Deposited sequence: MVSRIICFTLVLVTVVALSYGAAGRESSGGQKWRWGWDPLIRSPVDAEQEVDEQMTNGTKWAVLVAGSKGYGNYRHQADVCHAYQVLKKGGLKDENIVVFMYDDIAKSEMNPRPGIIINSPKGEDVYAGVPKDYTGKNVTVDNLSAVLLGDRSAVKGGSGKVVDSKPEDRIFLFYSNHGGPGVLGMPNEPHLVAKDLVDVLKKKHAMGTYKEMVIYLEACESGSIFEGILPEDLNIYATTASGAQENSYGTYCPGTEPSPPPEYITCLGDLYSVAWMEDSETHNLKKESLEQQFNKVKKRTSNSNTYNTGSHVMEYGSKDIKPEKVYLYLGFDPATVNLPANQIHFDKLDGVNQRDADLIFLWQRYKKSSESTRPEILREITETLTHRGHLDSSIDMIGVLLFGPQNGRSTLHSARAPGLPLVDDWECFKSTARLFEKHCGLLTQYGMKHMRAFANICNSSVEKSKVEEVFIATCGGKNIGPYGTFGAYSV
């Protein structure tokens, strides 16, 4: 089977640098794991690398002495094309329903695995998008229920960075869709930036905004430094939960039978981590 990923930054503006830095970094992790560009669909408003406010033009970093994570990232859905309608079409593998953007979609097969990562603002039962309208959790779950009805994936893992992010799935994500999801925070709780001015470890002084989000960099920095053939989703969740409590409470939803699976089945494996 093929590994697919959909990476979504739900916000825009330089003050939200971190959500797009998280998504660019996630792309780098998946590329090191051997996922192909044709199978990684990126949604990012794309106003950060060339931002009038960026002190390192053309570069995005997601930790204080990190490498540039912007170089190489596909521009599938950027600017006004970062929409709920396009995200739905993409997840459902329906290029005819896409309006604007590259036309890349998750035209996946029953044997394929899918990883979804979202980073931005959240509210009760709702996720931000940088264009109107926002993404209502019930509508996202309805897209996932439809994808399941279509039969076009084997298992799916969703990592979700937002305030009140548990509220995206609590009470509404069924446990029998072969979808396991974790979230940065509880249903009525805030989630946090990391690498922020004024709290060590802090970013370089040219940055007046956080470089990343704690739950997001927790899984990414863990993934790029461990052999993912040997680490399970359960071990990753435990490590991410521990790092994020610092904090907020990382929650899990859906098919908990997926937890003992090795992470490389979703994120790939980097030979350098042996």
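Gaps between the deposited sequence and the modelled coordinates occur at 1 to 57, 304 to 309, 338 to 491, listed in sequence order.
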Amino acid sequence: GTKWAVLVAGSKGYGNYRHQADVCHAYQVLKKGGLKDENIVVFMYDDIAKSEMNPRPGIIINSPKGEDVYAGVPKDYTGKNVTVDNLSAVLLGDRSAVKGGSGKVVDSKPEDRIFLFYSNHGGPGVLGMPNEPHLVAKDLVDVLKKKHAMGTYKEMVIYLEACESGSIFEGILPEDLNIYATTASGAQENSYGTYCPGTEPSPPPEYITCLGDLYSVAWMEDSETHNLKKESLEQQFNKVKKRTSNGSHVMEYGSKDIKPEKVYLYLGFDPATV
From here on, numbers count along this sequence of modelled residues.
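When the mean C-alpha temperature factors of 231 to 239 and 54 to 62 are read from the deposited coordinates, 231 to 239 comes out higher. Of the two segments examined, 191 to 199 and 135 to 143, it is 191 to 199 that shows the higher average Cα temperature factor in the deposited entry.
Annotation for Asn39, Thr225, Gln28, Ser216: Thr225 ranks highest, by Cα B-factor. Sort the modelled residues of the chain by CA B factor and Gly100 lands in the highest third.
Among all modelled residues in this chain, the alpha-carbon of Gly122 has a temperature factor (C-alpha) in the middle third.
Placement of the Cα temperature factor of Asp22 within the chain: lowest third of the modelled residues, per the deposited record.
Residue-level temperature factors show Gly186 in the highest third of its chain, judged at the C-alpha atom.
Sorting the modelled residues of the chain by their CA temperature factor places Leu177 in the middle third.
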